Structure formats: structure tokens, C-alpha cells
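Have a look at the structure below before the remarks.
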Amino acid sequence: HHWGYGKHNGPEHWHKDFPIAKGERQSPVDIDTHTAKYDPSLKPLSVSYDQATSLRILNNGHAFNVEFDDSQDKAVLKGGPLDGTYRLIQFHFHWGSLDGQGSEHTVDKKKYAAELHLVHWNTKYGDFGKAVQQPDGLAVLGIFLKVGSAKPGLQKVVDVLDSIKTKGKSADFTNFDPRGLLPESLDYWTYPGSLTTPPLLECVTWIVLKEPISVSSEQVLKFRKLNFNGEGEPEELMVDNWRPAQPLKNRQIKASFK
Ligand SMILES: NS(=O)(=O)c1ccc(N2CCCC2=O)c([N+](=O)[O-])c1
Ligand SMILES: [Hg+2]
Ligand SMILES: [Zn+2]
């Protein structure tokens with residue numbers, strides 16, 4: 001049938017409906033810290049979320065997205081390897097069924113517990129659907145999550161997961177401040193990639209932050225109680241909604257540090 005992360009519709013079957021899966025700039029990738037080139041021409045990352053306006057949280061059957069009001073230059077990301085401004089449209093996670101897997105990007109073949117992706121689109125393109133049609137249309141900020149101490153700013157996300165347990169369910173989720181999810185350092189690795197879930201459009205400029213954020217075992221656990229299925233259908237827990245690392249091919253991962 002249609003895509004997912006199960007044995008019969010998982011990552012290894014996506015190339016049949018979306019031939020771009022075997023593309024030239026696919027994400028995620030394994031970041032080799034010793035092969036990544038330090039580039040001093042890379043400017044600092046500029047995250048301006050002080051005027052962020054969260055609107056809703058939704059379970060789309062592949063994960064839960066927290067959507068923001070992107071009708072104005074409220075929550076933007078600029079600087080880094082980017083040219084111009086990018087509006088935060090939404091953020092989501094990708095976790096595992098166990099604490100030793102869940103991240104999509106790996107650092108030195110190392111996988112973390114999960115991975116937050118704050119999706120952004122280039123404003124010089126008007127809307128989101130026009131950005132996915134250009135090679136520099138999106139900038140996803142990747143933040144790894146490791147199990148350890150709780151993350152206060154992530155708790156308001158965790159408590160509303162009961163009301164979006166199944167596919168297609170939503171809930172009013174305003175006043176969330178994404179700044180409470182950012183690690184202390186903004187060091188990062190950037191590289192040209194794509195979406196990690198279908199359509200798998202090669203339109204992303206990936207900015208994977210070097211520093212991870214810790215979340216309690218209790219916080220990641222409550223992610224695993226969500227379901228892929230819609231209401232009234234046989235329960236399938238939402239776990240391992242991550243794509244395996246892809247070939248780097250004709251690409252170079254740059255770093256803003258040494
Ligand atoms: N996992 S990622 O961040 O690569 C990612 C995965 C999927 C999507 N899309 C595309 C259509 C709806 C949606 O959620 C995006 N995206 O916003 O482009 C991002
Ligand atoms: Hg594109
Ligand atoms: Zn993602």
C-alpha cells in the first residue's frame with residue numbers, strides 16, 4: 001500500500017513510488033567528524049524565535065508536527081551557509097523503540113535517541129509549496145536528543161501527546177517557545193540534502209547542530225505511546241520512524257568549527 005516504516009512499506013520500498021530515493025543528494029547521512037571540512041567562510045547561525053507563534057500539534061501518521069504561523073517574518077533562521085531569510089513552518093521528531101537508535105543523522109556511526117527537525121522555507125519563494133520546487137528552498141535545523149536529564153522546554157510537548165495519540169488527530173497548541181529546545185552551542189555541520197520522508201525532494205540545506213539536548217527517559221518514552229494508526233484500527237505504536245543513512249556520493253560536509 002502506501003509508505004511508512006514497517007517491514008512491507010519501509011525505507012527499502014520507497015524507490016518504487018518515489019524514484020528519487022536513490023538520488024544524488026539524499027538525507028540522512030552519516031557525518032564523519034574527521035572527513036568534514038572546517039570552513040571559516042561560514043557565518044554564525046542566526047535563530048530569531050522571539051516572535052514565534054505556534055498554532056497546532058498534529059499526528060500525521062508518520063510522526064507528530066507542531067505547526068507555526070508562517071504568514072509573517074516571525075520565527076526566522078538566517079546566517080550560516082544560508083542566503084536570505086527562512087521561516088519556521090513546523091518542527092517534529094524522529095525517535096526509536098530503544099534509547100540506542102532514533103536519530104536519522106549519525107555522528108561517527110553513532111545514533112542518538114531521537115532528532116528534532118525545525119523545518120524552514122526560503123521567503124524569496126512566497127510559500128512552502130514553491131520552496132520545495134527549488135534546490136535551496138528549505139533549511140532544516142537538526143538537533144539530536146540523548147537520554148539523560150529532563151528538558152523543561154520539551155515538557156509542554158510531552159503532556160499534550162495523549163490527545164493526538166492517533167493519525168489525523170490534532171489539538172490547539174499555542175504559545176510554545178521553540179527556543180527552549182535549543183542546545184547551548186550553535187556549532188553545526190551543513191550539507192546539501194533532501195527531505196528524509198516522502199516526497200524526498202532534494203531541496204534542503206541541512207544544518208545539523210553538533211551539540212545534543214538531553215531529555216529524560218520518561219520524556220522519550222511518552223513519544224513511543226503514540227500510534228501510526230487512525231482511531232478504530234489495530235494499534236501500531238509510533239516507533240522507529242527514522243530513515244537509514246544514505247550514500248554521501250558527490251557531497252562534502254562542512255563544519256563551522258575545529
Ligand atoms: N524529516 S524532514 O525534516 O526532512 C521533512 C519531512 C517531510 C516534510 N513534509 C513535506 C510535506 C509535508 C511534510 O511534513 C518536510 N518538509 O516540510 O519539507 C520535512
Ligand atoms: Hg527541490
Ligand atoms: Zn524529520
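When a ligand or atom number is given, it counts from 1 through the structure's own listing order. Numbering of residues begins at 1 and proceeds along the displayed sequence. Computed from heavy atoms alone, side chains included, the values below leave out hydrogens, waters and symmetry copies.
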Quiz item: Looking at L248 and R251, what are the two nearest heavy atoms and their distance?
Solution: O-NE, 3.0 Å
Pair [X], [Y]: side-chain N/O donor-acceptor within cut-off below 3.5 Å:
X	Y	result
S214	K146	yes
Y191	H105	yes
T106	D30	yes
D136	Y125	yes
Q101	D240	yes

Quiz item: Residues two or more places apart in sequence or in another chain: which of them pass side chain to side chain contact (heavy atoms under 4.5 Å, CB included) with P44?
Solution: none
Self-check item: Residues forming a side chain to side chain contact (heavy atoms under 4.5 Å, CB included) with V220, sequence neighbours excluded
Solution: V147, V215, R224
Quiz item: Does some non-hydrogen atom of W206 fall short of 4.0 Å from ligand 1?
Solution: yes
Quiz item: So is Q90 close enough to ligand 1, meaning a heavy atom under 4.0 angstrom away?
Solution: yes
Quiz item: What residues form a ring pair (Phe, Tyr, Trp, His ring centres under 6.0 Å) with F173, not counting sequence neighbours?
Solution: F176
Self-check item: Numbered atoms and elements of ligand 1 in range of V140, under 4.0 angstrom, heavy atoms
Solution: 3 (O)
Quiz prompt | ligand 1 atoms in contact with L138 (distance to a heavy atom under 4.0 Å) | solution = 18 (O)
How far is [atom] from its nearest protein heavy atom, and which residue and atom is that?
atom	answer
atom 2 (S) of ligand 1	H92 NE2, 3.8 Å
atom 7 (C) of ligand 1	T197 OG1, 3.1 Å
atom 16 (N) of ligand 1	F128 CZ, 3.6 Å
atom 15 (C) of ligand 1	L195 CD2, 3.8 Å
atom 4 (O) of ligand 1	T196 N, 3.0 Å

Practice problem: Answer yes when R179 and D177 have at least one side-chain N-carboxylate O distance shorter than 4.0 Å, and no when they do not. | Solution: yes
Practice problem: Under the ring-ring contact (aromatic ring centres under 6.0 Å, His included) rule, what do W242 and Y112 come out as? Steps first, then yes or no, please. | Solution: CA-CA 11 Å; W242 55 273; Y112 290 81; over 10 Å; no
Quiz item: Should the proximity of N60 to ligand 1, defined as any heavy atom under 4.0 Å, be assigned to the side chain, the backbone, both, or neither?
Solution: neither
Quiz item: Taking heavy atoms and a distance under 4.0 Å, where does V119 meet ligand 1: side chain, backbone, both or neither?
Solution: side chain
Quiz prompt | Protein heavy atom under 4.0 Å of atom 12 (C) of ligand 1 | solution = no
Quiz item: What protein N/O/S atoms sit under 2.8 Å from the Zn ion (ligand 3), by chain and number?
Solution: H92 NE2, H94 NE2, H117 ND1
Self-check item: Test: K74 cationic atom under 6.0 Å from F68 six-membered ring centre, within 45° of axis
Solution: no
